[PDB]
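S.K.: Contents are compact mmCIF, C-alpha atoms (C1' of nucleotides); file name query30.txt:
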# COMPACT_ATOMS: atom_id res chain seq x y z
CA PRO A 1 22.09 8.82 -34.37
CA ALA A 2 19.34 7.85 -31.93
CA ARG A 3 19.60 11.36 -30.40
CA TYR A 4 17.85 12.92 -33.42
CA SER A 5 15.67 9.88 -34.20
CA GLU A 6 12.41 10.18 -32.28
CA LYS A 7 11.85 6.42 -32.21
CA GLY A 8 15.23 6.17 -30.43
CA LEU A 9 16.61 3.71 -32.98
CA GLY A 10 20.20 4.26 -34.06
CA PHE A 11 23.55 4.73 -32.32
CA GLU A 12 24.66 6.94 -29.45
CA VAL A 13 27.94 8.08 -27.92
CA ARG A 14 27.67 7.70 -24.16
CA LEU A 15 29.70 7.81 -21.00
CA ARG A 16 30.96 4.38 -19.97
CA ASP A 17 29.54 4.41 -16.44
CA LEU A 18 25.74 4.35 -16.29
CA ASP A 19 25.98 6.07 -12.88
CA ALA A 20 27.81 9.19 -14.10
CA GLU A 21 26.10 12.44 -15.04
CA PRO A 22 27.91 14.14 -17.95
CA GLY A 23 29.57 17.49 -17.42
CA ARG A 24 28.81 20.60 -19.43
CA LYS A 25 31.75 20.03 -21.78
CA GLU A 26 31.30 16.24 -21.94
CA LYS A 27 27.76 16.53 -23.35
CA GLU A 28 29.13 18.66 -26.17
CA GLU A 29 32.13 16.41 -26.78
CA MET A 30 29.77 13.42 -27.07
CA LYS A 31 27.62 15.34 -29.55
CA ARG A 32 30.75 16.25 -31.53
CA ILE A 33 31.90 12.62 -31.62
CA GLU A 34 28.45 11.55 -32.84
CA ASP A 35 28.56 14.21 -35.58
CA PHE A 36 32.13 13.16 -36.50
CA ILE A 37 31.01 9.53 -36.86
CA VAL A 38 27.96 10.48 -38.96
CA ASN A 39 30.17 12.62 -41.23
CA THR A 40 32.95 9.98 -41.00
CA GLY A 41 35.28 12.94 -40.44
CA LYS A 42 35.68 16.41 -39.03
CA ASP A 43 34.15 18.45 -41.86
CA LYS A 44 31.06 17.73 -43.93
CA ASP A 45 31.98 16.56 -47.43
CA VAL A 46 29.49 15.04 -49.89
CA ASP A 47 32.41 13.28 -51.62
CA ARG A 48 33.15 11.21 -48.49
CA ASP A 49 31.25 8.09 -47.48
CA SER A 50 28.57 8.46 -44.88
CA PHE A 51 28.59 6.06 -41.94
CA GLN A 52 25.89 4.10 -43.79
CA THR A 53 28.13 3.59 -46.84
CA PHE A 54 31.03 2.69 -44.53
CA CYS A 55 28.99 0.05 -42.69
CA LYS A 56 27.58 -1.45 -45.90
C1' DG B 1 -86.35 -9.49 -24.76
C1' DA B 2 -83.94 -14.49 -24.16
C1' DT B 3 -80.78 -17.48 -21.94
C1' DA B 4 -78.17 -19.27 -18.14
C1' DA B 5 -74.86 -17.43 -14.21
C1' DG B 6 -75.78 -17.49 -9.00
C1' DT B 7 -78.05 -19.01 -4.61
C1' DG B 8 -81.22 -21.77 -1.48
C1' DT B 9 -82.77 -26.47 -0.65
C1' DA B 10 -83.07 -31.87 -0.11
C1' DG B 11 -80.89 -36.45 0.13
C1' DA B 12 -76.71 -40.19 -0.03
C1' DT B 13 -72.07 -41.63 0.99
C1' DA B 14 -67.96 -41.66 3.73
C1' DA B 15 -64.63 -38.27 6.33
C1' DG B 16 -63.86 -37.72 11.52
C1' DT B 17 -63.91 -39.20 16.45
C1' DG B 18 -64.65 -42.30 20.59
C1' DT B 19 -64.04 -47.10 22.18
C1' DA B 20 -61.94 -51.94 22.96
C1' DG B 21 -58.20 -55.47 22.59
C1' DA B 22 -53.15 -57.44 21.19
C1' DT B 23 -48.23 -56.97 20.69
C1' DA B 24 -43.81 -55.11 21.87
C1' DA B 25 -41.47 -50.31 23.00
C1' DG B 26 -39.43 -48.65 27.59
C1' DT B 27 -37.48 -49.24 32.34
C1' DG B 28 -35.68 -51.70 36.59
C1' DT B 29 -32.74 -55.58 37.97
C1' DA B 30 -28.81 -59.28 38.32
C1' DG B 31 -24.35 -61.17 36.82
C1' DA B 32 -19.53 -61.37 33.92
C1' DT B 33 -15.60 -59.31 31.73
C1' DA B 34 -12.13 -55.83 31.28
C1' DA B 35 -11.62 -50.43 31.39
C1' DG B 36 -9.12 -47.44 34.97
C1' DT B 37 -5.77 -46.47 38.75
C1' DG B 38 -1.97 -47.44 42.24
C1' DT B 39 2.52 -49.66 42.67
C1' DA B 40 7.49 -51.61 41.81
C1' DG B 41 11.74 -52.00 38.98
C1' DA B 42 15.06 -51.04 34.58
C1' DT B 43 16.97 -48.00 31.16
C1' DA B 44 18.56 -43.64 29.41
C1' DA B 45 16.92 -38.50 29.16
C1' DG B 46 18.94 -34.30 31.59
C1' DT B 47 22.68 -31.61 34.00
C1' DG B 48 27.33 -30.49 35.98
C1' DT B 49 32.31 -30.93 35.06
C1' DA B 50 37.08 -31.04 32.64
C1' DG B 51 40.07 -30.48 28.58
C1' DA B 52 41.32 -29.09 23.26
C1' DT B 53 40.95 -26.21 19.22
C1' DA B 54 40.04 -21.94 16.91
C1' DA B 55 36.52 -17.80 16.96
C1' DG B 56 37.38 -12.82 18.33
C1' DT B 57 40.24 -8.56 19.32
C1' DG B 58 44.48 -5.56 19.54
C1' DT B 59 48.77 -4.36 17.10
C1' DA B 60 52.21 -3.24 13.12
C1' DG B 61 53.39 -2.26 8.24
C1' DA B 62 52.38 -1.39 2.75
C1' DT B 63 49.66 0.40 -1.00
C1' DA B 64 46.56 3.62 -3.06
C1' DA B 65 41.91 6.18 -1.96
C1' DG B 66 41.11 11.32 -1.16
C1' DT B 67 42.24 16.39 -1.42
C1' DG B 68 44.82 20.71 -2.74
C1' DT B 69 47.26 22.90 -6.55
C1' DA B 70 48.77 24.52 -11.50
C1' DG B 71 47.96 25.02 -16.54
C1' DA B 72 45.10 24.56 -21.35
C1' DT B 73 40.89 24.55 -23.99
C1' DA B 74 36.31 26.09 -25.00
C1' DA B 75 31.60 26.99 -22.53
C1' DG B 76 29.18 31.57 -21.69
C1' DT B 77 28.13 36.60 -22.57
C1' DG B 78 28.30 41.26 -24.82
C1' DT B 79 28.50 43.60 -29.31
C1' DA B 80 27.61 44.75 -34.49
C1' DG B 81 25.27 44.04 -38.96
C1' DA B 82 21.52 41.77 -42.52
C1' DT B 83 17.05 39.94 -43.68
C1' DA B 84 12.16 39.54 -43.14
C1' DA B 85 8.42 39.08 -39.24
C1' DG B 86 4.76 42.53 -37.83
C1' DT B 87 1.62 46.65 -38.44
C1' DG B 88 -0.67 50.57 -40.90
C1' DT B 89 -2.84 51.90 -45.26
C1' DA B 90 -5.57 51.99 -50.01
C1' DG B 91 -8.68 49.71 -53.29
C1' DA B 92 -12.13 45.72 -55.28
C1' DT B 93 -15.61 42.25 -54.72
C1' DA B 94 -19.56 40.25 -52.54
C1' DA B 95 -21.45 39.15 -47.59
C1' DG B 96 -25.59 41.29 -45.17
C1' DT B 97 -30.12 43.84 -44.87
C1' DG B 98 -34.43 46.28 -46.47
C1' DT B 99 -38.08 46.01 -49.89
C1' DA B 100 -41.84 44.21 -53.52
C1' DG B 101 -44.98 40.44 -55.45
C1' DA B 102 -46.70 35.25 -56.08
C1' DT B 103 -48.14 30.95 -54.09
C1' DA B 104 -50.21 28.04 -50.67
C1' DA B 105 -50.00 27.21 -45.33
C1' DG B 106 -53.71 28.17 -41.73
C1' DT B 107 -58.55 28.95 -40.03
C1' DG B 108 -63.70 29.35 -40.26
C1' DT B 109 -67.83 27.20 -42.26
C1' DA B 110 -71.56 23.67 -44.26
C1' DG B 111 -73.30 18.80 -44.87
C1' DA B 112 -72.99 13.30 -44.63
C1' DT B 113 -72.08 9.08 -42.21
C1' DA B 114 -71.57 6.49 -38.23
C1' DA B 115 -69.60 5.92 -32.52
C1' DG B 116 -72.38 6.75 -28.72
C1' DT B 117 -76.01 5.91 -25.30
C1' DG B 118 -80.79 4.54 -23.74
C1' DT B 119 -84.19 0.82 -24.16
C1' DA B 120 -86.71 -3.79 -24.93
Kindly return the structure encoded in the file as structure tokens.

M.R.:
Amino acid sequence: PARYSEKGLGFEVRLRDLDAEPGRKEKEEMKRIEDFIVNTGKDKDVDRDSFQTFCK
DNA sequence: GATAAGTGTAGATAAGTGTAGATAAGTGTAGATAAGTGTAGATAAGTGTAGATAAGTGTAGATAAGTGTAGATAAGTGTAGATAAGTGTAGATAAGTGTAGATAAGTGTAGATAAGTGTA
């Protein structure tokens, strides 16, 4: 995720419209979806592929 | 004390100015062509007039912007326990200062050579 990467390089989950401002729950849902992608799943599990392994 | 900078003094040539004559600048004068203006006719700018199409506005119906209303999840806050920040307290070493003796900075003092100035 770019969110945690100070150089901004990575991926992000975003609202579609550039003009919208995200609601209080939407900002958290977007962070959850990012985390889900990183973990490739709901829970953390070292036995599962990371997103890096998936992409490779 | 010895020489030559610095000034007054005497003569020889050519700058500097007045004077006299020869040519052509500078101005008035007379004639010949074509600038400059008034005058007459021919074409097409400039304006009013009449008809033909489509800008411009009001009117009527169909879909979906815009708002109120009802339910489901998870932001947001108070409450209870577990570890380690944060402070006081006791002992061990070495910063920090006063104190004692050895060497050489720091100053006064005596004599020799040469800038330092007057003089010929």

S.K.: Please identify all polymer residues within 8 Å of stretch 32-37 of chain A, counting all atoms listed in the file, omitting same-chain residues fewer than 4 positions from it, and present them as a ChimeraX atom specification.

M.R.: /A:1,12-13,28,41-43,51

S.K.: Report the distance between atom CA of residue A:38 and atom CA of residue A:21 in Å, rounded to one decimal place.

M.R.: 24.1 Å

S.K.: At most 12 Å is the cut-off: for each residue in chain A with any atom that close to an atom of chain B, write down the nearest atom pair and the distance in Å rounded to one decimal, counting all atoms listed in the file, chain first then increasing number, as CSV.

M.R.:
residue,atom,partner,partner_atom,distance
A:23,CA,B:75,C1',11.0
A:24,CA,B:75,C1',7.6
A:25,CA,B:75,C1',7.0
A:26,CA,B:75,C1',10.8
A:27,CA,B:75,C1',11.2
A:28,CA,B:75,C1',9.4
A:29,CA,B:74,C1',10.7

S.K.: For a test of reading the model, state the distance in Å between atom CA of residue A:4 and atom CA of residue A:53, rounded to one decimal.

M.R.: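 About the pair atom CA of residue A:4 and atom CA of residue A:53: they are 19.3 Å apart.
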
S.K.: Hey, which of A:9, A:40, A:2, A:30 ends up closest to residue A:55? Count only C-alpha atoms.

M.R.: A:40
